[PDB]
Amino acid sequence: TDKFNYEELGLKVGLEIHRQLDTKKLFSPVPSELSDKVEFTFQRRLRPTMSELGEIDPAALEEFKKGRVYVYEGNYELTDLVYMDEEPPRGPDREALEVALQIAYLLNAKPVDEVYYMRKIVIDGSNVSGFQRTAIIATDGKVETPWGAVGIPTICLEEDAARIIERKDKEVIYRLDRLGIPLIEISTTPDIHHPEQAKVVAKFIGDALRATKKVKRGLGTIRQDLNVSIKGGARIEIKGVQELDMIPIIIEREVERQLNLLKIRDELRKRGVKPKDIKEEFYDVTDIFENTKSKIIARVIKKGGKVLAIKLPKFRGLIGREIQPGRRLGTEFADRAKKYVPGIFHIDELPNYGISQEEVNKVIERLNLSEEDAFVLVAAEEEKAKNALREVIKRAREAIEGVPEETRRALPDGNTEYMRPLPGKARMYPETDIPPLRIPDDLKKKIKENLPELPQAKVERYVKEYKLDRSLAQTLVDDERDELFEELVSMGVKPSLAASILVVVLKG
């Protein structure tokens, strides 16, 4: 039973997963040990690079103008010249590589005959060399599913950036220990057409990585992202999705939000509103609030703050409409607005927050509002309120047109929240220091045969072969004891119940 007929809507779900490998650093024989011991620190600046025809990448020029300086922390024993950009890289690390080759087969993907490394430029400063070393390792892999097969176009073995420590102004601090730890990137295809189908592919891959029993089981170590779209909607990047079980719902709260946003755009088109029909003019309604029982605004004024308004033709009864359980088109306004102000007030949410109905109508006047005209108020320091409202403008207009193609972060509720615009296309160029690596069919075969045991498969062998409880079989693996048990039984000992019962039950 589904919430929507995902087949009608243009449900397209894509999936991308990053995971640290438990090998040495990808381009230097270094222990992927994190450390909180800072024994020394050094300064650095990064500069944009000219194009084929002398043009400086705007996004980078921007970062440059800011005039920020990058400070890196390292410890004498774990920090080496290679990740200080003081010695050429050496790699890819053989373990990390093989591990990758192994994860690739577990996904029916075809490895490349020869690996060429690339350099993806990085503005942040999170990459001392100014770039992250990446490389395609396998293509066209697949994950069989109930709703059909979902394909894996790419599988890459790249470098993880360093740990941010503090973002002082004009100075960002980073810890090197993390920099260089291998990263495995798996990307699905936006062909996924079902919320549970995603969880399947997502889970499976997850198991395949566990199967290598040479992956990091850390807190902030598993990155999984989703990008959702519907027919007549937009590709939205949902970053930072917590647990595998949240995928199903999150993908739906999106299909829902996008389905409602449109049901609103159709409403606007009907009322006949247009992008240009939303002049960016600010009214100084401040005075009308000189005497308001709204602590919020009142505080602003008393501190030399002004209240400004905006006129949104035919946006009445829609700004306050709920798109996601607990969130309404107005919430979307506040988010974009949050960029300059802590929040906003719109005609459809008040009277409230200590704002007298009087005050409301009194505002409808100075800006002359129709039976469908609405407004937005932002109490802040002169300019703040201007930019804030402008950002509100941008969205408002976009709302008339459709679904803004943006990048949102997931919430505990399952709904999303605005983050930033869809990331720009990355600029890469050959990683000239590392010779091209060839993968012998010789090695391809050796690895393709001895592939590890997917978690579930084990669970299903314990039951079928050792005849034990399904409850015990699961809890035996679901609790990482998958090894201890095998090691115990390996002694021809504790049949399975002796061990299983002991571990899964006794211990607890």
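Residue positions are given as counts along the sequence shown, with the first one as 1.
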Report summary line: Averaging the C-alpha temperature factors as deposited, the higher value of 99 to 107 versus 376 to 384 falls on 376 to 384
Report task. Could you check which stretch, 205 to 213 or 284 to 292, carries the larger mean CA temperature factor in the entry? Result -> 284 to 292
Query raised in the report: In this PDB entry, which of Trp147, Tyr117, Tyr174, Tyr353 has the top CA B-factor?
Result: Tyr353
Report summary line: For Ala161, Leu367, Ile137, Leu422, the deposited C-alpha B-factor is largest at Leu367
Query raised in the report: Mind checking which third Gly272 falls in for C-alpha B-factor across the chain?
Result: highest
Query raised in the report: Would the CA B-factor of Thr49 place it in the lowest, middle or highest third of its chain?
Result: lowest
Requested in this report: Quick one: classify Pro430 as lowest, middle or highest third of the chain based on its Cα B-factor.
Outcome: lowest
**Report entry** Entry-reported Cα temperature factor of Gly330, expressed as the chain third it lands in
**Finding:** middle
Report task. Would you check the entry's CA temperature factor for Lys444 and let me know if it's in the chain's lowest, middle or highest third? Result -> middle
